[PDB]
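Coordinate inspection notes
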Amino acid sequence: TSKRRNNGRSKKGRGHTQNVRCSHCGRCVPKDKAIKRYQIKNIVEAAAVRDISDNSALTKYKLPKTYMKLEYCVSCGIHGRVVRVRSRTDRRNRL
Amino acid sequence: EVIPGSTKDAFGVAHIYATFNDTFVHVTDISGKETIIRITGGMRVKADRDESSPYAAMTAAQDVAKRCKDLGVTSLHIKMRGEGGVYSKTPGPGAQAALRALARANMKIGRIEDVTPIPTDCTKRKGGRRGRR
Amino acid sequence: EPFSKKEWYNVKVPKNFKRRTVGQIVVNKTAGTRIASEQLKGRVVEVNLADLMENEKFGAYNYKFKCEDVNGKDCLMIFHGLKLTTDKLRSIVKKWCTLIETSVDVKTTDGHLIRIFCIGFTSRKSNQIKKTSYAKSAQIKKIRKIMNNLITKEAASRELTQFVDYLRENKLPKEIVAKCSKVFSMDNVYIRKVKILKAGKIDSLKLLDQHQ
RNA sequence: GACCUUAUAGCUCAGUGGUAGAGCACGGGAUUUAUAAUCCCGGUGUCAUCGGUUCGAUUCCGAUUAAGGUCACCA
RNA sequence: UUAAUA
RNA sequence: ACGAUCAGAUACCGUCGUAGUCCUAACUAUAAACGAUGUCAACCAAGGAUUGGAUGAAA
RNA sequence: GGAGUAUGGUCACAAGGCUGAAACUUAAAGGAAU
């Protein structure tokens with residue numbers, strides 16, 4: 001029956017939550033049920049950082065980063081290896 | 001002698017718009033209303049599946065670089081961008097290749113910025129409730 | 001040849017900034033009923049603040065200028081707006097804190113009508129142990145009313161040109177933090193965008209005062 | 001009854017004065033545990049039945065059959 | 001990319 | 001309604017697109033309307049944390 | 001299983017909603033775990 005005590009959600013004291021769109025499928029998933037991951041990366045890959053820094057017109061300009069929050073449905077979180085299927089006794093670990 | 005309309009060391013801004021289905025290299029002036037040279041990844045390929053290849057990005061980027069030096073533009077501002085309207089905001093693979101190609105063409109780079117348009121709030125996304133399958 | 005008809009004009013920003021020339025803008029040469037000085041009348045130039053001041057402690061601000069006349073191959077610019085850099089705006093949004101946003105419509109002393117946007121964030125404390133730092137709905141409204149009133153006093157009393165140069169000094173963000181700290185712990189206060197809703201009347205002599 | 005048109009592989013069709021092409025179907029071989037699908041190869045047409053022009057007719061011209069389409073009205 | 005049945 | 005895929009595809013993929021999606025007034029009264037756990041009341045093992053108060057200390 | 005089906009009653013502009021069987025058929029259907 002109940003594979004999870006919380007039913008796979010994060011909703012406890014309410015009846016409805018708004019929807020969000022899967023970043024890969026475009027599916028509609030509720031805000032709590034969606035798999036939310038955060039990403040902070042530089043706009044230049046590790047190979048090209050040296051090339052840009054060589055020929056630059058600015059004194060010591062610091063390369064900016066990009067920040068975006070990605071939300072995945074369950075199907076596209078498992079398939080994209082964002083999350084894995086865990087053991088029956090290891091499902092309970094929340095760290 | 002000098003190419004008509006060209007000047008000395010000046011500044012331009014490159015609008016690198018690279019999706020997963022194509023890539024754009026587009027340089028304008030500081031105002032942005034005048035374009036110098038616009039080359040896309042689809043003009044340097046034959047089949048339709050290679051317009052997003054990183055190889056097509058540098059080939060288009062080098063052609064942009066060569067023209068700009070001949071026209072007096074020597075340094076560029078980078079405005080990196082992807083199709084981030086309501087869809088994935090991650091720029092395509094050719095975005096980094098084009099920027100690295102411009103650097104390796106001995107072009108001074110000024111400020112680098114990400115100008116993917118993030119909606120303050122969005123219209124309905126294509127696909128439906130259950131999305132792509 | 002496409003560029004055979006093109007001309008390059010020098011761009012001049014007002015005297016408020018350390019750097020007076022920011023670049024060159026392109027326009028086609030004149031034609032029958034097409035004068036370049038007439039065509040370079042609505043061009044908006046966007047330049048970083050780390051270039052007009054020649055210091056990189058101003059790097060997270062983009063400034064925009066419009067052209068008001070062509071004075072012999074020179075485009076005399078006037079201030080058109082300011083906006084936080086996209087990387088900076090998304091780099092100051094922490095997760096477990098309350099975000100406070102506001103906007104004010106202020107009429108300057110010299111007649112310009114502008115819109116100013118302010119952002120803020122409830123902060124942690126030195127000895128704070130609990131992870132979250134949220135504010136009640138009463139404290140948010142108290143903070144917003146303070147930063148709404150405080151930003152209006154500093155902006156309405158001064159003209160547009162001198163108010164913009166005031167924004168370069170951190171007095172306003174520092175004063176907001178030092179006056180909202182008696183209600184809640186605030187750390188990051190920035191003016192993310194300034195618009196110009198209604199362009200006030202200007203004169204050539206006033207513009208000449210603005211340009212040397 | 002009078003006008004018009006058609007008849008080609010086992011089935012639907014193309015093309016047609018010097019050698020009839022397409023599929024679908026059929027036979028054999030390969031893949032499969034086996035079938036289906038898939039790949040390879042092959043065999044298929046009295047060009048509806050008689051006369052004449054025909055260099056030479058399956059094509060052009062008449063005839064005999066079948067098959068269809070239209071008309072068959074005023075009283 | 002496609003993968004039906006006993 | 002097109003275009004692909006397929007043996008076929010009236011589907012999954014792509015393009016266009018009517019009702020609908022939005023607001024006002026009136027109907028309809030159904031959901032995996034779920035905590036699949038009726039409402040009220042008493043007793044009830046160890047904790048750590050959190051939301052809103054009251055009350056001491058620590059500014 | 002038949003079946004929330006038929007009929008009867010009632011509500012609705014309609015789709016439908018509420019109430020709601022029987023004949024007949026069948027040794028299992030089902031729940032949690034190894």
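Residues numbered from 1 in each chain as written, not as in the entry; some residues may be left out. Chains lettered and ligands numbered in written order. Part of a larger assembly, values for the part shown. Heavy atoms only, no water.

Per the deposited record, the coordinates in this entry were obtained by cryo-EM to a resolution of 3.1 Å.

The condition is simple: UniProt positions are given in the numbering used here, feature names are shortened, and annotations may be inferred rather than shown by experiment.
In the nomenclature of the PDB entry, chain B corresponds to Ribosomal protein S14, putative from the organism Entamoeba histolytica HM-1:IMSS. The Sequence similarities (unreviewed entry) field of the UniProt record for chain B holds the comment "Belongs to the universal ribosomal protein uS11 family."

Named according to the PDB entry, chain A is 40S ribosomal protein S26 originating from Entamoeba histolytica HM-1:IMSS. Taken verbatim from the UniProt record of chain A, the Sequence similarities (unreviewed entry) comment is "Belongs to the eukaryotic ribosomal protein eS26 family."

Remarks on the overall build of chain A
In plain terms, the rule: Under the scheme used here, helices are H or I runs from DSSP no shorter than 4 residues and strands are E runs no shorter than 2 residues, and both carry numbers assigned from the N terminus. Note that the radius of gyration is over C-alpha atoms, with the globule rule given as 2.2 Å times the number of residues to the power 0.38. Each residue is assigned to one of three classes by its accessible area relative to the maximum for its type, calculated with a 1.4 Å probe on protein chains only: buried under 20%, partly exposed between the two thresholds, exposed over 50%. Whether two residues are in contact is decided by their heavy atoms: any pair within 4.5 Å suffices. Residue exposure ignores everything except the shown protein chains as possible cover, and the areas themselves are Shrake-Rupley values with a 1.4 Å probe. The convention is simple: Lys and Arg are positive, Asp and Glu are negative, and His and the chain ends are not counted. For charged residues, the charge sits on one atom: NZ in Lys, CZ in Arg, CG in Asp, CD in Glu.
A count of helices and strands for chain A gives 2 helices and 4 strands. In chain A, the order of α-helices and β-strands from amino to carboxyl end is β-β-β-α-β-α. Over its C-alpha trace chain A gives a radius of gyration of 19 Å, far above what one expects of a compact globule, namely 12 Å for 95 residues. Across its three principal axes, chain A shows a C-alpha extent of roughly 65 × 30 × 25 Å. Burial status across chain A gives 31% buried among its 95 residues. For chain A, long-range pairs separated by at least 24 residues make up 60% of all intrachain contacts whose partners lie at least 6 apart in sequence. In the structure as shown, chain A presents an accessible area of about 7100 Å², 47% of it carried by carbon and sulfur atoms. Looking at charge distribution, chain A has the averaged site of its 26 positive side-chain charges lying 15 Å from that of its 6 negative ones.

Overview of helix α2 (residues 94–104) of chain B
Burial within α2 of chain B is extensive, with 9 of its 11 residues counted as buried. Within the sequence span of α2 of chain B, burial applies to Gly94, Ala95, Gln96, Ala97, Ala98, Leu99, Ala101, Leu102 and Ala103 of chain B.

Some details on the interface of chain A and chain C
The test is simple: Buried area: the sum, over both parts, of the accessible surface (1.4 Å probe) that disappears when the two are put together. Criterion for a salt bridge: a side-chain nitrogen of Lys or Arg within 4 Å of a carboxyl oxygen of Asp or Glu. Within 3.5 Å is the distance limit for a polar contact, defined as a pair of N or O atoms, with the added protein rule that one can donate a hydrogen and the other accept it, and that residues adjacent in sequence qualify only through two side-chain atoms. Under the scheme applied here, ten amino acids are nonpolar (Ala, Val, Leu, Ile, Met, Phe, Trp, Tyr, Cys and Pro), four are charged (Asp, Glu, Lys and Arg), and all others, including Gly, are polar.
On the chain C side, the residues contacting the 7 residues of chain A number 4 residues. Buried area between chain A and chain C, summed over both chains or domains, comes out near 530 Å², and the portion from carbon and sulfur atoms is 51%. Where chain A meets chain C, there are 0 salt bridges. Seen at the junction of chain A and chain C, the total is 1 residue pair in polar contact. Within the side of chain A that touches chain C, the residues separate by chemical class into 4 nonpolar, 1 polar and 2 charged.

Comments concerning the interface of chain A and chain B
Between chain A and chain B, the contact holds 25 residues from the first and 24 residues from the second. At the boundary of chain A with chain B, total buried surface from both sides reaches about 2200 Å², with 54% on carbon and sulfur atoms. Considering only the surface of chain A that becomes buried against chain B, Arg21, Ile43 and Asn55 of chain A emerge as the three largest contributors, covering 25% of it. Applying the counting criterion to the chain A and chain B interface returns 2 salt bridges. One salt bridge in this structure joins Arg100 of chain B and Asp51 of chain A, with 3.5 Å as the shortest N-O distance.

Let's talk about the pattern of salt bridges
Overall, the coordinates contain 20 salt bridges over all chains when judged by the stated rule. The closest approach of N and O atoms between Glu1 of chain C and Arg67 of chain B, which form a salt bridge, is 3.6 Å. Here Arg67 of chain B lies in helix α1 (residues 54–70) and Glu1 of chain C lies in the segment before β1 (6–12), a pairing that spans two chains. Classification of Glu1 of chain C as exposed rests on a relative accessible area of 58%. The class for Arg67 of chain B is partly exposed, based on a relative accessible area of 22%.

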